[PDB]
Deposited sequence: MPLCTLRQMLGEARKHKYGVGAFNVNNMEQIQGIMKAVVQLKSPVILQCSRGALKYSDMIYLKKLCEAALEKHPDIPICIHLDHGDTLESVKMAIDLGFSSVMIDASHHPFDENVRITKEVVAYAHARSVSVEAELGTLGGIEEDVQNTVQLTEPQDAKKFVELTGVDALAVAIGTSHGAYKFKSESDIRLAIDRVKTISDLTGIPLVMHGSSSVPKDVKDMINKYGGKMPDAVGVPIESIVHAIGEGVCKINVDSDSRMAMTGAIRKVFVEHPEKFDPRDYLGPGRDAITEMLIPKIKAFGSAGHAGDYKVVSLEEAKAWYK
């Protein structure tokens, strides 16, 4: 069922695990992801950037998310906005039935950031929708101050991690104890040796591709990281899969012949990382509080 980020990450925080928030943009990405989480009876966060929503003209990504929800009742599924920039951005994503939004005013100075955010926190919680915000690396004491002022449900920390294709697990615990709320790890794609290889092997050019070792990410989960943002890994697994169909079967032209293998490569790539993140088997742990009931939380 549609689950808020507060309850999902709250449960992950309690039993010391992370979930894994996967970015989606079309039908096959969602199917690939859902196939891995239902095989591992894992809760899941399906996340859409403003960019994804653009590419999907909004309504199509909105409907594919509903498809998922109905197809996999019983699986706790949170639909999350990812790098929202304005209040209008999250208001739009909340109108598409999202259960969580990220207001990224990180690039702003503290008090304007606190302000942008407080504004999204008011509109969101007034509807049960959870909020994630970012700060900065991250100064623990500012983390504590920020959360206390904004009231966000989850905090994206800067522990020396980035986008595309070690860290400060030292500051994570401090930030987790000082803040007392689930922390989010963006840029956590790993760039598996398998995904990068197949790609370069079938005509691609991504030589200098490296990411966050899974291990680093697990140590972070111990210190209080509850959400693991993954995006680049799904992409490369899709691309390498079709590059391969193209060279081993240049006569094939039906998109299902390559897009299908692509969808499968995401599942296979995600299966080990969900396992290691710790959420395998927890889908059935709790009854999902609706956005309406969730309003009472605030």
* Structure fact -> Counting from 1 along the deposited sequence, the ranges with no C-alpha atoms are 1, 138-151, 181-189, 323
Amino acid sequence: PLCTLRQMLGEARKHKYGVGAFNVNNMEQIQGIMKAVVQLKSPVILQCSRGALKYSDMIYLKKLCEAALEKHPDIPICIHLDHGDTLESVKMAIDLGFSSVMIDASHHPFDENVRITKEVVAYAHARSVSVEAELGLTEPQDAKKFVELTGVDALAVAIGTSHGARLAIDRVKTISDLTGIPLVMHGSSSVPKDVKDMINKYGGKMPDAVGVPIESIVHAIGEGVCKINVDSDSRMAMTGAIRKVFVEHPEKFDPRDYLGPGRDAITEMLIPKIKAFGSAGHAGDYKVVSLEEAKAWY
From here on, numbers count along this sequence of modelled residues.
* Where do the C-alpha atoms have the higher mean temperature factor in this entry, in 84-92 or in 206-214? -> 206-214
* Using only the Cα atoms and their B-factors as the entry lists them, report which of 167-175 and 148-156 averages higher. => 167-175
* Candidate residues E119, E112, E132, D74, the one whose C-alpha B factor the record puts highest -> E119
* Structure fact -> Entry-reported C-alpha B-factor of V195 relative to its chain, by third, is highest
* Asked: Going by the entry, which third of its chain does the Cα temperature factor of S189 land in?
  -> middle
* Split the chain's modelled residues into thirds by Cα B-factor; is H249 in the lowest, middle or highest one? -> highest
* To do: Pull the Cα B-factor of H125 out of the PDB entry and bin it into the chain's lowest, middle or highest third.
  => lowest
* Structure fact -> Of the three thirds of the chain ranked by Cα temperature factor, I79 occupies the lowest
